[PDB]
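Structure data follow from run-v4.pdb (PDB, C-alpha atoms):
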```pdb
ATOM      1  CA  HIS A 254     -29.527  26.058  11.903  1.00  0.00           C
ATOM      2  CA  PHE A 255     -31.473  27.198  15.057  1.00  0.00           C
ATOM      3  CA  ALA A 256     -30.833  28.530  18.533  1.00  0.00           C
ATOM      4  CA  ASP A 257     -34.336  28.239  19.990  1.00  0.00           C
ATOM      5  CA  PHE A 258     -37.410  26.418  18.710  1.00  0.00           C
ATOM      6  CA  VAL A 259     -40.757  27.372  20.145  1.00  0.00           C
ATOM      7  CA  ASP A 260     -43.724  28.036  17.753  1.00  0.00           C
ATOM      8  CA  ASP A 261     -43.311  28.305  13.943  1.00  0.00           C
ATOM      9  CA  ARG A 262     -43.043  32.128  13.898  1.00  0.00           C
ATOM     10  CA  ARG A 263     -41.236  32.427  17.232  1.00  0.00           C
ATOM     11  CA  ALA A 264     -37.951  30.743  16.349  1.00  0.00           C
ATOM     12  CA  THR A 265     -34.494  32.274  16.091  1.00  0.00           C
ATOM     13  CA  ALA A 266     -31.499  31.571  13.889  1.00  0.00           C
ATOM     14  CA  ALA A 267     -27.789  31.343  14.596  1.00  0.00           C
ATOM     15  CA  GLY A 268     -25.126  30.652  12.012  1.00  0.00           C
ATOM     16  CA  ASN A 269     -23.415  27.293  12.030  1.00  0.00           C
ATOM     17  CA  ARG A 270     -19.993  26.788  13.546  1.00  0.00           C
ATOM     18  CA  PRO A 271     -17.095  27.591  11.188  1.00  0.00           C
ATOM     19  CA  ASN A 272     -15.407  24.389  10.028  1.00  0.00           C
ATOM     20  CA  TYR A 273     -12.286  24.606   7.866  1.00  0.00           C
ATOM     21  CA  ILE A 274     -11.330  21.348   6.142  1.00  0.00           C
ATOM     22  CA  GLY A 275      -7.958  21.083   4.429  1.00  0.00           C
ATOM     23  CA  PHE A 276      -4.846  18.957   4.308  1.00  0.00           C
ATOM     24  CA  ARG A 277      -2.401  18.680   7.187  1.00  0.00           C
ATOM     25  CA  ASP A 278       0.772  20.647   7.785  1.00  0.00           C
ATOM     26  CA  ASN A 279       3.621  19.324   5.584  1.00  0.00           C
ATOM     27  CA  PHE A 280       1.145  16.768   4.121  1.00  0.00           C
ATOM     28  CA  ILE A 281       1.210  14.638   7.255  1.00  0.00           C
ATOM     29  CA  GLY A 282      -0.929  11.560   6.815  1.00  0.00           C
ATOM     30  CA  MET A 283      -0.890  11.443   3.036  1.00  0.00           C
ATOM     31  CA  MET A 284       1.711   8.698   3.006  1.00  0.00           C
ATOM     32  CA  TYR A 285       2.127   5.498   5.007  1.00  0.00           C
ATOM     33  CA  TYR A 286       5.247   6.241   7.047  1.00  0.00           C
ATOM     34  CA  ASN A 287       6.182   3.682   9.730  1.00  0.00           C
ATOM     35  CA  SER A 288       3.237   1.415   8.915  1.00  0.00           C
ATOM     36  CA  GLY A 289       4.930  -1.956   8.644  1.00  0.00           C
ATOM     37  CA  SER A 290       1.916  -3.705   7.117  1.00  0.00           C
ATOM     38  CA  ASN A 291       2.126  -1.595   3.943  1.00  0.00           C
ATOM     39  CA  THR A 292       5.617  -0.184   3.382  1.00  0.00           C
ATOM     40  CA  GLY A 293       6.980   1.581   0.349  1.00  0.00           C
ATOM     41  CA  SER A 294      10.034   0.259  -1.407  1.00  0.00           C
ATOM     42  CA  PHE A 295      13.096   1.833  -2.962  1.00  0.00           C
ATOM     43  CA  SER A 296      15.098  -0.862  -4.731  1.00  0.00           C
ATOM     44  CA  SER A 297      17.104  -1.420  -7.864  1.00  0.00           C
ATOM     45  CA  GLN A 298      15.958  -3.714 -10.578  1.00  0.00           C
ATOM     46  CA  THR A 299      16.971  -7.159  -9.555  1.00  0.00           C
ATOM     47  CA  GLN A 300      14.684  -6.055  -6.770  1.00  0.00           C
ATOM     48  CA  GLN A 301      15.247  -8.550  -3.975  1.00  0.00           C
ATOM     49  CA  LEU A 302      16.549  -5.630  -1.823  1.00  0.00           C
ATOM     50  CA  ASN A 303      14.023  -3.371  -0.154  1.00  0.00           C
TER      51      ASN A 303
ATOM     52  CA  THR B  52      18.412 -19.466   4.945  1.00  0.00           C
ATOM     53  CA  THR B  53      19.643 -15.910   4.465  1.00  0.00           C
ATOM     54  CA  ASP B  54      19.614 -13.345   7.246  1.00  0.00           C
ATOM     55  CA  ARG B  55      19.033 -10.149   5.251  1.00  0.00           C
ATOM     56  CA  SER B  56      15.682  -8.368   5.093  1.00  0.00           C
ATOM     57  CA  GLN B  57      13.737 -10.139   2.351  1.00  0.00           C
ATOM     58  CA  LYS B  58      10.020 -10.405   1.667  1.00  0.00           C
ATOM     59  CA  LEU B  59       8.710 -13.949   2.096  1.00  0.00           C
ATOM     60  CA  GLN B  60       5.393 -13.877   0.189  1.00  0.00           C
ATOM     61  CA  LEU B  61       4.714 -11.373  -2.596  1.00  0.00           C
ATOM     62  CA  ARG B  62       1.475  -9.866  -3.891  1.00  0.00           C
ATOM     63  CA  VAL B  63       1.533  -8.448  -7.420  1.00  0.00           C
ATOM     64  CA  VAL B  64      -1.399  -6.570  -8.961  1.00  0.00           C
ATOM     65  CA  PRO B  65      -2.113  -6.483 -12.735  1.00  0.00           C
ATOM     66  CA  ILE B  66      -0.350  -4.049 -15.038  1.00  0.00           C
ATOM     67  CA  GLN B  67      -3.011  -3.459 -17.672  1.00  0.00           C
ATOM     68  CA  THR B  68      -6.368  -5.226 -17.527  1.00  0.00           C
ATOM     69  CA  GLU B  69      -9.100  -5.408 -20.148  1.00  0.00           C
ATOM     70  CA  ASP B  70     -12.806  -5.944 -19.559  1.00  0.00           C
ATOM     71  CA  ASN B  71     -15.553  -6.710 -22.061  1.00  0.00           C
ATOM     72  CA  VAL B  72     -18.658  -8.891 -22.296  1.00  0.00           C
ATOM     73  CA  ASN B  73     -17.023 -12.287 -22.746  1.00  0.00           C
ATOM     74  CA  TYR B  74     -13.628 -12.344 -21.006  1.00  0.00           C
ATOM     75  CA  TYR B  75     -11.439 -10.379 -18.590  1.00  0.00           C
ATOM     76  CA  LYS B  76      -7.747  -9.961 -19.415  1.00  0.00           C
ATOM     77  CA  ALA B  77      -5.231  -9.392 -16.662  1.00  0.00           C
ATOM     78  CA  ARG B  78      -1.504  -8.961 -17.243  1.00  0.00           C
ATOM     79  CA  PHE B  79       1.094  -9.319 -14.497  1.00  0.00           C
ATOM     80  CA  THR B  80       4.804  -8.553 -14.307  1.00  0.00           C
ATOM     81  CA  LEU B  81       6.123 -11.340 -12.104  1.00  0.00           C
ATOM     82  CA  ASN B  82       9.428  -9.650 -11.346  1.00  0.00           C
ATOM     83  CA  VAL B  83      11.704 -12.285  -9.839  1.00  0.00           C
ATOM     84  CA  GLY B  84      14.828 -10.390  -8.892  1.00  0.00           C
ATOM     85  CA  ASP B  85      18.275 -11.787  -8.283  1.00  0.00           C
ATOM     86  CA  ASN B  86      18.944 -14.139  -5.326  1.00  0.00           C
ATOM     87  CA  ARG B  87      15.292 -15.302  -5.416  1.00  0.00           C
ATOM     88  CA  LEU B  88      13.705 -18.564  -6.513  1.00  0.00           C
ATOM     89  CA  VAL B  89      10.011 -19.258  -7.047  1.00  0.00           C
ATOM     90  CA  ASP B  90       8.193 -22.492  -7.776  1.00  0.00           C
ATOM     91  CA  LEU B  91       5.030 -21.840  -9.765  1.00  0.00           C
ATOM     92  CA  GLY B  92       3.235 -24.475  -7.700  1.00  0.00           C
ATOM     93  CA  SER B  93       3.043 -21.723  -5.083  1.00  0.00           C
ATOM     94  CA  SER B  94       1.395 -19.421  -7.638  1.00  0.00           C
ATOM     95  CA  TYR B  95      -2.341 -18.795  -7.624  1.00  0.00           C
ATOM     96  CA  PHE B  96      -4.710 -16.025  -8.648  1.00  0.00           C
ATOM     97  CA  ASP B  97      -6.504 -14.481  -5.668  1.00  0.00           C
ATOM     98  CA  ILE B  98      -9.763 -13.393  -7.280  1.00  0.00           C
ATOM     99  CA  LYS B  99     -12.156 -11.077  -5.456  1.00  0.00           C
ATOM    100  CA  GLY B 100     -15.503 -10.123  -6.927  1.00  0.00           C
ATOM    101  CA  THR B 101     -19.256 -10.155  -6.516  1.00  0.00           C
TER     102      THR B 101
ATOM    103  CA  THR C  52      28.097  21.663 -17.398  1.00  0.00           C
ATOM    104  CA  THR C  53      27.923  19.505 -20.511  1.00  0.00           C
ATOM    105  CA  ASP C  54      26.812  20.748 -23.928  1.00  0.00           C
ATOM    106  CA  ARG C  55      24.844  17.629 -24.881  1.00  0.00           C
ATOM    107  CA  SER C  56      21.119  16.939 -24.964  1.00  0.00           C
ATOM    108  CA  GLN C  57      20.062  16.094 -21.413  1.00  0.00           C
ATOM    109  CA  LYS C  58      16.852  16.863 -19.510  1.00  0.00           C
ATOM    110  CA  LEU C  59      16.602  18.915 -16.325  1.00  0.00           C
ATOM    111  CA  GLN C  60      13.389  17.503 -14.858  1.00  0.00           C
ATOM    112  CA  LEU C  61      12.170  13.978 -15.580  1.00  0.00           C
ATOM    113  CA  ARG C  62       8.417  13.451 -15.509  1.00  0.00           C
ATOM    114  CA  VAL C  63       8.091   9.723 -14.834  1.00  0.00           C
ATOM    115  CA  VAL C  64       4.705   7.981 -14.781  1.00  0.00           C
ATOM    116  CA  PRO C  65       3.792   4.861 -12.741  1.00  0.00           C
ATOM    117  CA  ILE C  66       4.214   1.280 -13.900  1.00  0.00           C
ATOM    118  CA  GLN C  67       1.504  -0.315 -11.855  1.00  0.00           C
ATOM    119  CA  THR C  68      -1.355   1.257  -9.888  1.00  0.00           C
ATOM    120  CA  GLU C  69      -3.664  -0.399  -7.360  1.00  0.00           C
ATOM    121  CA  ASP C  70      -6.832   1.343  -6.171  1.00  0.00           C
ATOM    122  CA  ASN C  71      -9.165   0.105  -3.438  1.00  0.00           C
ATOM    123  CA  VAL C  72     -11.088   1.471  -0.458  1.00  0.00           C
ATOM    124  CA  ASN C  73      -8.133   1.879   1.897  1.00  0.00           C
ATOM    125  CA  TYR C  74      -5.060   2.975  -0.071  1.00  0.00           C
ATOM    126  CA  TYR C  75      -3.550   3.659  -3.500  1.00  0.00           C
ATOM    127  CA  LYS C  76      -0.303   2.119  -4.794  1.00  0.00           C
ATOM    128  CA  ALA C  77       1.909   3.379  -7.544  1.00  0.00           C
ATOM    129  CA  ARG C  78       5.168   1.828  -8.659  1.00  0.00           C
ATOM    130  CA  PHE C  79       7.792   3.751 -10.577  1.00  0.00           C
ATOM    131  CA  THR C  80      10.942   2.963 -12.543  1.00  0.00           C
ATOM    132  CA  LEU C  81      13.474   5.711 -11.976  1.00  0.00           C
ATOM    133  CA  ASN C  82      15.985   5.073 -14.762  1.00  0.00           C
ATOM    134  CA  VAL C  83      19.147   6.918 -13.729  1.00  0.00           C
ATOM    135  CA  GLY C  84      21.315   6.212 -16.749  1.00  0.00           C
ATOM    136  CA  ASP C  85      25.079   6.433 -16.854  1.00  0.00           C
ATOM    137  CA  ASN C  86      26.789   9.859 -16.937  1.00  0.00           C
ATOM    138  CA  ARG C  87      23.831  11.323 -15.001  1.00  0.00           C
ATOM    139  CA  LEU C  88      23.277  12.024 -11.310  1.00  0.00           C
ATOM    140  CA  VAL C  89      20.188  12.634  -9.210  1.00  0.00           C
ATOM    141  CA  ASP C  90      19.727  13.832  -5.649  1.00  0.00           C
ATOM    142  CA  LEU C  91      16.568  12.418  -4.104  1.00  0.00           C
ATOM    143  CA  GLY C  92      16.029  15.666  -2.212  1.00  0.00           C
ATOM    144  CA  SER C  93      14.654  16.983  -5.502  1.00  0.00           C
ATOM    145  CA  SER C  94      12.145  14.116  -5.643  1.00  0.00           C
ATOM    146  CA  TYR C  95       8.493  14.828  -4.915  1.00  0.00           C
ATOM    147  CA  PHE C  96       5.247  13.151  -5.877  1.00  0.00           C
ATOM    148  CA  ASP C  97       2.901  15.290  -7.987  1.00  0.00           C
ATOM    149  CA  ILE C  98      -0.661  14.301  -7.116  1.00  0.00           C
ATOM    150  CA  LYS C  99      -3.724  15.313  -9.109  1.00  0.00           C
ATOM    151  CA  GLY C 100      -7.156  14.374  -7.836  1.00  0.00           C
ATOM    152  CA  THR C 101     -10.561  15.497  -6.640  1.00  0.00           C
TER     153      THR C 101
ATOM    154  CA  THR D 658     -10.314 -31.135  23.522  1.00  0.00           C
ATOM    155  CA  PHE D 659      -9.978 -27.426  22.742  1.00  0.00           C
ATOM    156  CA  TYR D 660     -12.711 -25.322  21.166  1.00  0.00           C
ATOM    157  CA  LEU D 661     -11.549 -21.694  21.600  1.00  0.00           C
ATOM    158  CA  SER D 662      -8.888 -21.452  18.927  1.00  0.00           C
ATOM    159  CA  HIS D 663     -11.112 -19.432  16.576  1.00  0.00           C
ATOM    160  CA  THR D 664     -11.074 -16.327  18.797  1.00  0.00           C
ATOM    161  CA  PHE D 665      -7.616 -14.806  18.345  1.00  0.00           C
ATOM    162  CA  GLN D 666      -6.840 -11.715  16.265  1.00  0.00           C
ATOM    163  CA  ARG D 667      -3.234 -10.721  16.905  1.00  0.00           C
ATOM    164  CA  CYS D 668       0.098 -12.131  18.104  1.00  0.00           C
ATOM    165  CA  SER D 669       2.777  -9.448  18.506  1.00  0.00           C
ATOM    166  CA  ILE D 670       6.152 -10.809  19.632  1.00  0.00           C
ATOM    167  CA  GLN D 671       8.984  -8.450  20.570  1.00  0.00           C
ATOM    168  CA  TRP D 672      12.405  -9.716  21.591  1.00  0.00           C
ATOM    169  CA  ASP D 673      14.273  -7.167  23.722  1.00  0.00           C
ATOM    170  CA  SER D 674      11.388  -4.652  23.813  1.00  0.00           C
ATOM    171  CA  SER D 675      12.896  -3.341  20.550  1.00  0.00           C
ATOM    172  CA  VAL D 676      13.135  -6.191  17.997  1.00  0.00           C
ATOM    173  CA  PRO D 677       9.996  -7.731  16.448  1.00  0.00           C
ATOM    174  CA  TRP D 678       9.623 -11.313  15.271  1.00  0.00           C
ATOM    175  CA  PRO D 679      10.188 -12.580  12.590  1.00  0.00           C
ATOM    176  CA  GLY D 680      11.166  -9.083  11.542  1.00  0.00           C
ATOM    177  CA  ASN D 681      12.972  -8.589   8.227  1.00  0.00           C
ATOM    178  CA  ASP D 682       9.672  -7.746   6.427  1.00  0.00           C
ATOM    179  CA  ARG D 683       8.729 -11.425   6.122  1.00  0.00           C
ATOM    180  CA  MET D 684       4.926 -11.457   6.315  1.00  0.00           C
ATOM    181  CA  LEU D 685       2.490  -9.246   4.443  1.00  0.00           C
ATOM    182  CA  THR D 686       1.938  -7.753   7.918  1.00  0.00           C
ATOM    183  CA  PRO D 687       5.514  -8.118   9.194  1.00  0.00           C
ATOM    184  CA  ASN D 688       5.215  -6.706  12.704  1.00  0.00           C
ATOM    185  CA  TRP D 689       2.660  -9.112  14.189  1.00  0.00           C
ATOM    186  CA  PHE D 690       0.702 -12.231  13.259  1.00  0.00           C
ATOM    187  CA  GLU D 691      -2.750 -11.139  12.116  1.00  0.00           C
ATOM    188  CA  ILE D 692      -4.839 -14.260  12.626  1.00  0.00           C
ATOM    189  CA  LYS D 693      -8.418 -13.359  11.714  1.00  0.00           C
ATOM    190  CA  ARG D 694      -9.816 -10.269   9.998  1.00  0.00           C
ATOM    191  CA  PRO D 695     -13.453  -9.246   9.511  1.00  0.00           C
ATOM    192  CA  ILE D 696     -14.221  -9.154   5.810  1.00  0.00           C
ATOM    193  CA  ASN D 697     -15.499  -5.567   5.810  1.00  0.00           C
ATOM    194  CA  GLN D 698     -12.041  -4.444   6.933  1.00  0.00           C
ATOM    195  CA  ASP D 699     -10.607  -6.548   4.094  1.00  0.00           C
ATOM    196  CA  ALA D 700     -10.470  -4.474   0.953  1.00  0.00           C
ATOM    197  CA  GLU D 701      -6.996  -5.764   0.027  1.00  0.00           C
ATOM    198  CA  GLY D 702      -7.821  -9.476  -0.027  1.00  0.00           C
ATOM    199  CA  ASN D 703      -5.690 -11.065   2.704  1.00  0.00           C
ATOM    200  CA  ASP D 704      -8.053 -13.920   3.547  1.00  0.00           C
ATOM    201  CA  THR D 705      -7.492 -17.619   2.847  1.00  0.00           C
ATOM    202  CA  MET D 706      -9.873 -20.565   2.663  1.00  0.00           C
ATOM    203  CA  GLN D 707     -12.948 -18.367   1.959  1.00  0.00           C
TER     204      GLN D 707
END
```

Kindly present the structure from the file in structure tokens form.
Amino acid sequence: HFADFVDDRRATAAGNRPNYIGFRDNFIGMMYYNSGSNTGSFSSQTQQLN
Amino acid sequence: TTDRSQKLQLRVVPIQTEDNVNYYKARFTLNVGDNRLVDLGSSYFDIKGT
Amino acid sequence: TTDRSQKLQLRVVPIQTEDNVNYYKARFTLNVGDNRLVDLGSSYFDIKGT
Amino acid sequence: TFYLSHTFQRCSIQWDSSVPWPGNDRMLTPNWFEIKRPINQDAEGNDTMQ
């Protein structure tokens, strides 16, 4: 980006900060665990039994 | 009234829609399990759009 | 081990998918027929996406 | 002659500091009573009465 900006010839350049973006360890936060408002459901058919 | 953990009000999303110029099919699987009773007076389509 | 026709892994596809801004539902029908057994430790979702 | 009923969001009731009410996965948001929601945070359509 920049590291110092005085006149149009007299500037300097530093590389941007390294930013790694990937998924979490063990895929934490992919799946709504312990969110009561939207829970998953394992049930048989005749499914009145979450 | 039962004591066991049972959902009180159920949302169900369409299985297989169809969209064209004139109409908009939606197809639901209202899956009333055992030990459950529904009156269809409580049924309504909750339409969201623009 | 039996000598009859019987699958090792069972690719099962969702019944009913909801997609919106916040989340993404799928709903599956695991059909564990008679004379077969499954341990849910072997279960894992197989996500494809961009 | 009340006029400040329209300014509540949440009502979280907990019995013995461990047991919610009504519990049992009754509501669509079972842990509390979500009274009003801004419509931009509604992408799932849990709003009555327009």

Would you translate the PyMOL selection byres ((chain B and resi 80) around 8) into the concrete set of residues it matches in this file, as a ChimeraX atom specification? /B:63,65-66,78-79,81-82

May I ask you to extract the residues of chain C within 9 Å of chain B, using only C-alpha atoms, and to give them as a list in words?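 The answer, sorted by residue number, is residues 66, 67, 68 and 69 of chain C.
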
Write the residues you've just listed into a file as an mmCIF file, keeping the file's coordinate frame, and include C-alpha atoms for each of them.
```
data_model
loop_
_atom_site.group_PDB
_atom_site.id
_atom_site.type_symbol
_atom_site.label_atom_id
_atom_site.label_comp_id
_atom_site.auth_asym_id
_atom_site.auth_seq_id
_atom_site.Cartn_x
_atom_site.Cartn_y
_atom_site.Cartn_z
ATOM 1 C CA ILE C 66 4.214 1.280 -13.900
ATOM 2 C CA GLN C 67 1.504 -0.315 -11.855
ATOM 3 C CA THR C 68 -1.355 1.257 -9.888
ATOM 4 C CA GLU C 69 -3.664 -0.399 -7.360
#
```

Take the ChimeraX specification (/D :<8) & /C, apply it to the structure above, and return the hits as a ChimeraX atom specification. /C:71-73

With C-alpha atoms retained, write the just-selected residues as a PDB file, in the frame of the given file.
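Result file follows (part38.pdb):
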```pdb
ATOM      1  CA  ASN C  71      -9.165   0.105  -3.438  1.00  0.00           C
ATOM      2  CA  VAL C  72     -11.088   1.471  -0.458  1.00  0.00           C
ATOM      3  CA  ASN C  73      -8.133   1.879   1.897  1.00  0.00           C
TER       4      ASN C  73
END
```

Evaluate the ChimeraX specification (/A :<7) & /B and record the selected residues as a PyMOL selection string, following the chain and residue labels used in the document. chain B and resi 57+84-87

Correct to one decimal, the distance atom CA of residue A:255-atom CA of residue A:268 is 7.8 Å

Taking only C-alpha atoms into account, what are the residues of chain A at most 10 Å from chain D, put as a ChimeraX atom specification? /A:288-292,303

At what distance in Å, to one decimal, does atom CA of residue A:294 lie from atom CA of residue B:54?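 For atom CA of residue B:54 relative to atom CA of residue A:294, the distance reads 18.8 Å.
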
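One finds atom CA of residue B:59 at 11.0 Å from atom CA of residue B:88.
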
Skipping near chain neighbours, those fewer than 5 positions away, what residues fall within 8 Å of stretch 658-675 of chain D using all atoms listed in the file, listed as a ChimeraX atom specification? /D:688-694

Same residues, C-alpha atoms, output as a PDB file, in the frame of the given file:
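result_38.pdb was written with the following content:
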```pdb
ATOM      1  CA  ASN D 688       5.215  -6.706  12.704  1.00  0.00           C
ATOM      2  CA  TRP D 689       2.660  -9.112  14.189  1.00  0.00           C
ATOM      3  CA  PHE D 690       0.702 -12.231  13.259  1.00  0.00           C
ATOM      4  CA  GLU D 691      -2.750 -11.139  12.116  1.00  0.00           C
ATOM      5  CA  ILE D 692      -4.839 -14.260  12.626  1.00  0.00           C
ATOM      6  CA  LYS D 693      -8.418 -13.359  11.714  1.00  0.00           C
ATOM      7  CA  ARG D 694      -9.816 -10.269   9.998  1.00  0.00           C
TER       8      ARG D 694
END
```

Would you compute the box with edges along x, y and z of the file around stretch 53-59 of chain C, including every atom the file lists for it and 3 Å extra on each side, and give its centre and edge lengths in Å to one decimal, as JSON?
```
{"center_x": 22.3, "center_y": 18.4, "center_z": -20.6, "size_x": 17.3, "size_y": 10.7, "size_z": 14.6}
```
